[PDB]
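Here's a solo chain for you in structure tokens, the form deposited in one PDB entry.
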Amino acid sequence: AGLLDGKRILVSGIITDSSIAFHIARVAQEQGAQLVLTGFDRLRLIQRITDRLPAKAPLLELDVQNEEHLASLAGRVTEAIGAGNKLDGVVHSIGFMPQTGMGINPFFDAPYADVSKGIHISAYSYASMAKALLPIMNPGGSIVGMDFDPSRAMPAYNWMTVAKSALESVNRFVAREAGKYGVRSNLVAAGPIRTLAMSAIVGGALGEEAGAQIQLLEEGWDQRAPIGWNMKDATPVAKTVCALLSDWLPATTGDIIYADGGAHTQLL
């Protein structure tokens, strides 16, 4: 087969080989997709990493907070997939929040600026990628972003939770605009995954207490999941994003798909 046979998907947000984008990309490729990657600030590093990928892919630099990068994106993508072709899928796997809006530092103490940097990169950027790529997408195209159920407060993820609730609200508006092009836009809500970043944190980088709390959120997750939750295998999330990028979920947009072991549907 190739669930994504002959499709053209752009993928963003690869840093290390434990980035969730990294896995989405790998599975996408085993699934016949043909990619184009974007990276942020360590390009040679992302470059080196991305080679272990099952197959080659052009890599474009893109700082989601950069006007030009954005203005030039579609141009650059077409040079690479080559003129005459369009995108079938776009993945927004990116996000960020200053240390101050998140860890240990109390909720009221994060200054708006940091918080705004956060919302800029984490939520607003979904809109900007859309606006930039939509003109080059085929109908039936699919835009997907990564979420973390912000629907109930929790410790430590402070303002980042605020930025995900804002992201979920942007998705519904992006869905309205994308539909005029025949394109879907949805999010995926993942359970906690031991990414590099997370590791450092349960490892005590945002402070001891923050770490202990995450660590506990993490264990509550697998207890509650009727099918369990393994924080060290991003696989089950990759596959979902893949399902969404394909043609099998054709009537769903401005929506959230929970890839979290069923944890959110159980109280305890």
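In this text, the rigid core denotes the largest set of C-alpha atoms whose superposition between the two forms falls within 1.5 Å. Residue numbers here begin at 1 and follow the sequence given. Residues that one form lacks are left out of the comparison.
- A summary of the deposited B-factors shows that, of 105 to 113 and 91 to 99, the stretch with the larger mean C-alpha value is 105 to 113.
- Higher mean CA temperature factor, per the PDB entry, when comparing 32 to 40 with 201 to 209: 201 to 209.
- You'll see in the entry that, of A234, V27, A55, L216, the Cα B factor peaks at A55.
- Looking only at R152, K180, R184, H120, the residue with the top Cα B factor in the deposited structure is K180.
- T161: CA B factor lies in the lowest third for its chain, per the PDB record.
- For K86, the recorded CA B-factor ranks within the highest third of the chain. Only modelled residues enter the ranking.
- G191: CA B factor lies in the lowest third for its chain, per the PDB record.
- Split the chain's modelled residues into thirds by C-alpha temperature factor. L60 is in the highest one.
- Annotation for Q47: C-alpha temperature factor in the highest third relative to the rest of the modelled chain, per the entry.
FYI, the form deposited in another entry isn't displayed, but the following is about it.
- Fit the rigid core and compare the CA positions between this form and the one not shown: of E219, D233, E61, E30, just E219 moves by 2 angstroms or more.
- Once the rigid core is used as the reference frame, the Cα position of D51 differs between this form and the one not shown by less than 2 Å.
- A205 shows a C-alpha shift of 2 Å or greater between this form and the one not shown [criterion: core-superposed Cα displacement of 2 Å].
- In contrast to the form presented, in the other form the C-alpha positions of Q215 and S165 spread farther apart by 3 Å or more.
- Relative to what is shown, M160 and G204 are closer in the other form; their C-alpha atoms differ in spacing by at least 3 Å.
- Shifted stretches between this form and the one not shown, defined as 3+ consecutive common residues each with a CA displacement of 2 angstroms or more after rigid core fitting, are limited to 200 to 219.
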